[PDB]
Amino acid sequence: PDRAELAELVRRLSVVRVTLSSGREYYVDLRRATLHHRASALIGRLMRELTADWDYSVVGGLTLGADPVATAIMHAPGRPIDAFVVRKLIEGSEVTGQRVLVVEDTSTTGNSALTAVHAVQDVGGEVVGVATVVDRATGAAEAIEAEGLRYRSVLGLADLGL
């Protein structure tokens, strides 16, 4: 019900003929939903449920995509979880000595979320897993699991109705 409402809002808000960054070939603009009053609340609530079995006190990722996902999780009802942001180094709550959830809005390569995992690691945080709003079946899952980390997402590529 929530997941269905979220998926509808994402197709509606974020699946927007286009010359890409690539030079190739709709495109997905996840920030239209992560910065939307309702979608962002659903994101916060579903991401908590998605990672309930994990142990972490602090959530964040690489600016900019990850930031409203992290704060949406911090604000959504439930137990206290603080937030941070990785610049391009760490801002917001202390991750040093901490259990950290790394988030992304949607990964392509996983580089961004990884840059974020390593920036956390290089200052002493322990990363427990990576969670994203939308997986797009692009290899990010695989790249992330190739460093010992669990990867999960709320929605998959099917939910985008492509």
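Residues carry their position along the shown sequence, with the first being 1.
Q: Looking at the deposited sequence, how many residues between residue 145 and residue 146 were given no coordinates in the entry: none, 1 to 3, 4 to 9, or 10 or more?
A: According to the record, the chain runs unbroken from residue 145 to residue 146.
Q: Averaging C-alpha B-factors over each stretch, which comes out higher, 110-118 or 35-43?
A: Looking at the record's C-alpha B-factors, the answer is 110-118.
Q: Using only C-alpha atoms and the B-factors in the entry, which stretch averages higher, 145-153 or 7-15?
A: That would be 145-153.
Q: Determine, from the deposited record, the chain-internal third of the Cα B-factor for residue 81: lowest, middle or highest.
A: As the PDB entry reports it, the C-alpha B-factor of residue 81 lands in the middle third of its chain.
Q: Report the third (lowest, middle or highest) to which the CA temperature factor of residue 29 belongs, ranking only the modelled residues of the same chain.
A: Middle third by C-alpha B-factor.
Q: Ranking the modelled residues of this chain by C-alpha B-factor as given in the entry, is residue 132 in the lowest, middle or highest third?
A: For residue 132, whose C-alpha B-factor we compare with every modelled residue in the chain, the answer is the lowest third.
Q: Considering only modelled residues of the same chain, in which third does the CA B-factor of residue 70 rank: lowest, middle or highest?
A: It belongs to the lowest third of the chain when residues are ordered by C-alpha B-factor.
Q: Could you tell me which third, lowest, middle or highest, the C-alpha B-factor of residue 123 occupies within its chain?
A: Residue 123: CA B-factor falls in the highest third of its chain.
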